[PDB]
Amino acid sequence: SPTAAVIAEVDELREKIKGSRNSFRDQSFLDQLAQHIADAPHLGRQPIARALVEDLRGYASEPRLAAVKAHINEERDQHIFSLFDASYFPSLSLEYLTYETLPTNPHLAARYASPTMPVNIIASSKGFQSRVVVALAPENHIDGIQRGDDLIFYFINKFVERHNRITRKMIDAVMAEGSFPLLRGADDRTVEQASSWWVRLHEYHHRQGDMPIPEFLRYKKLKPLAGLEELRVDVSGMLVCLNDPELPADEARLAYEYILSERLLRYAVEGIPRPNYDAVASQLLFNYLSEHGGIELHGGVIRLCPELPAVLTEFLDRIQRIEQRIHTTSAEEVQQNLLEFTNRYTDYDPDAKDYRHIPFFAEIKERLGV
């Protein structure tokens, strides 16, 4: 493959520069990196690589990757290639991938528009193969820059894989029979489509509300609040799937099932020994739904109530009432209220100032190894 030879070259330059993360903005390093990229037999030919060579060579005057991001944002081809420095995606240094886009529903694209690219990865360099890396944001490039119109990529194939390896097993073990009838048996193409709906709604709703990101990003990075913000947009997405009639009914119900199953099960068990941000928010959802009549536990099995849509709306309304007070109180005050809400439904240890998995999900972690 001509692609695999491009990537072998990237993977080889990746090994060479792995010890040099501190030099990634040093112009002496960059000049040589650019030269090695230019001298690459198959990679130096790619327009995107020439975009990066130019960007890198100019970095000392303009610390931007404008030519690479212009190539990517205009989709001049389906190749991504850059130098990355994302502290939560530590596998990424110099990386390359090729992708393919996914079908999108026309109404969804128009009414809930955002610069979102749900894609499958076709080939990639070693850093992209890490299971941590499920998305790629514009600030992940070394320049740390994001603009509201930069494309954000979600690697749907990794979400399909996680759904298959974790979520299906949890549906069988934890939900009452009939809980997710559309998702039962569904193939990868069906899951893929729902997943791509999910990320589109998810990104859209990040930008809506009274404390949207990125405007309020630095108030939403405390672990329980980052998780709560992910949950806020996913419940929004769930309710859109239930309420927007201009969405095809069969596809919208499928996506609803997908978002609910992911937030109720897969995210709820993430993190060892303590829950990560997504799990805290998911456990908040679990316990809120239990206490307010949206779900019921019969012998450690979850029954989704018929009133669940109304309890989800109630839940989002409550988050929106807390956030709404940004207009009359400080962002610090809303934060404390977002935390107080969270801690009422989660297992918060006040002395550690951190969270334990609620016992329901700790037992499932032990039971299923998830």
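One-based numbering along the sequence shown.
**Student:** Would you mind comparing 341 to 349 and 54 to 62 for me and telling me which has the higher average C-alpha temperature factor in the entry?
**Tutor:** Mean C-alpha B-factor is greater for 54 to 62.
**Student:** Please compare 43 to 51 with 317 to 325 and say which has the higher mean C-alpha temperature factor in the record.
**Tutor:** Mean B over CA atoms: larger for 43 to 51.
**Student:** Taking the values straight from the PDB record, which of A109, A268, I152, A123 has the highest C-alpha temperature factor?
**Tutor:** Comparing C-alpha B-factors across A109, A268, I152, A123, the top value belongs to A109.
**Student:** Using the entry's values, work out which of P115, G185, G293, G237 has the largest Cα B factor.
**Tutor:** Highest C-alpha B-factor among the listed residues goes to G185.
**Student:** Lowest, middle or highest third: which one holds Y258 when the chain's residues are ordered by CA B-factor from the entry?
**Tutor:** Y258: CA B-factor falls in the lowest third of its chain.
**Student:** Split into thirds by Cα B-factor across the chain's modelled residues, where does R356 land: lowest, middle or highest?
**Tutor:** Answer is middle: the recorded C-alpha B-factor places it there.
**Student:** C-alpha B factor of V311, ranked within the chain: lowest, middle or highest third?
**Tutor:** According to the entry, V311 has a C-alpha B-factor in the chain's lowest third.
**Student:** When the modelled residues of the chain are sorted by Cα temperature factor, does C241 land in the lowest, middle or highest third?
**Tutor:** For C241, the deposited C-alpha B-factor lands in the lowest third.
**Student:** Which third, lowest, middle or highest, does the C-alpha temperature factor of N276 belong to within its own chain?
**Tutor:** For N276, whose C-alpha B-factor we compare with every modelled residue in the chain, the answer is the lowest third.
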